[PDB]
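Analysis of the macromolecular model
So you can see what is in the structure, the chains are spelled out below.
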Amino acid sequence: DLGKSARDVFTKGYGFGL
Amino acid sequence: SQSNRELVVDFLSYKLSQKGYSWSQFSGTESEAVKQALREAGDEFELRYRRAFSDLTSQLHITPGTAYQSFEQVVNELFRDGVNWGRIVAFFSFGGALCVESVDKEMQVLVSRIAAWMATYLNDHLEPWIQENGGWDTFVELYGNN
């Protein structure tokens with residue numbers, strides 16, 4: 001799953017709504 | 001949108017040169033400031049997190065068959081929690097890493113496509129946030145060295 005793969009590559013791309 | 005294409009091509013050209021793809025390839029002041037700030041931010045990002053985007057084309061199956069909407073789908077995961085300047089920098093750095101890797105793996109055809117994909121993604125997905133958050137002149141104020 002591309003989406004899963006992507007999520008791995010960008011694990012550190014998290015944060016808030018704001 | 002033309003300025004978005006130019007920013008993408010400036011950044012990717014910079015990253016390819018910096019890695020020494022001057023030889024895999026046959027060889028305003030307001031916008032200059034934007035380009036320089038983005039180059040420096042992308043360098044900073046890469047110095048901070050350079051394990052982050054290794055072996056991309058393999059993990060993401062980016063090939064000469066890949067269509068824009070697969071790139072879009074991947075990048076959407078980067079902005080899953082919303083857009084900010086740090087993730088926009090990450091986006092540019094990702095694209096740069098994809099370009100370098102593509103050249104390294106003898107898939108040079110991808111460089112012009114990645115640049116088109118980034119410009120589209122910027123215009124359609126990121127520009128609406130940018131134009132609510134001060135535009136690139138505000139990015140310069142935040143991340144420009146000077």
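Rules used in this analysis
- Residues numbered from 1 in each chain as written, not as in the entry; some residues may be left out.
- Chains lettered and ligands numbered in written order.
- Heavy atoms only, no water.
- Contact = heavy atoms within 4.5 Å.
- Buried area = accessible area lost by both parts, 1.4 Å probe.
- Salt bridge = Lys/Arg side-chain N within 4 Å of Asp/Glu carboxyl O.
- Helix = DSSP H or I, 4+ residues; strand = E, 2+ residues; numbered from the N terminus.
- Nonpolar A, V, L, I, M, F, W, Y, C, P; charged D, E, K, R; others polar.
- Buried < 20%, exposed > 50% of the residue type's maximum accessible area, 1.4 Å probe, protein only.
- 1 Å grid on protein atoms, 1.4 Å probe; cavity = no way out; pocket = protein on both sides within 12 Å on 5 of 7 lines; lining within 4 Å.
- Points joined across faces, edges and corners; volume = space filled by probe spheres on them.

Per the deposited record, the coordinates in this entry were obtained by X-ray crystallography to a resolution of 1.95 Å.

Taken together, the contact between chain B and chain A spans 16 residues of the former and 14 residues of the latter. Both faces combined, the contact of chain B with chain A buries some 1300 Å², and carbon together with sulfur accounts for 63% of it. It is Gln-59, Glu-77 and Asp-81 of chain B in chain B that bury the most area against chain A; as a group they hold 35% of the surface buried on that side. At the junction of chain B and chain A, the tally comes to one salt bridge. As a salt-bridge pair, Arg-7 of chain A and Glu-77 of chain B come within 3.2 Å of each other at their nearest N and O atoms. Within the residue set of the side of chain B that touches chain A, elements represented by two or more residues are α3 (56–59), α4 (68–78) and α5 (85–104) of chain B. Across the side of chain B that touches chain A, the residue classes tally to nine nonpolar, three polar and four charged.

All names here are of chain B. What the rule picks out here adds up to nine salt bridges over all chains. Between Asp-81 and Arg-80 there is a salt bridge, with its nearest N and O atoms 2.8 Å apart. You can call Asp-81 partly exposed: its relative accessible area is 23%. The exposure class of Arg-80 is partly exposed, given its relative accessible area of 47%. Look at the salt bridges and you will find they share partners, linking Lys-15, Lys-19, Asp-43, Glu-46 and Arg-50 into a network.

Residue and element names in this part refer to chain B. Taken as a whole, the largest pocket encloses approximately 390 Å³ of empty space. Taken together, 19 residues make up the lining of the largest pocket; nearest its centre are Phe-45, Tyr-49, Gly-86, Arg-87 and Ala-90. Where the lining of the largest pocket is concerned, the elements lending two or more residues are α2 (29–48) and α5. Its residues placed into classes, the lining of the largest pocket shows twelve nonpolar, three polar and four charged.

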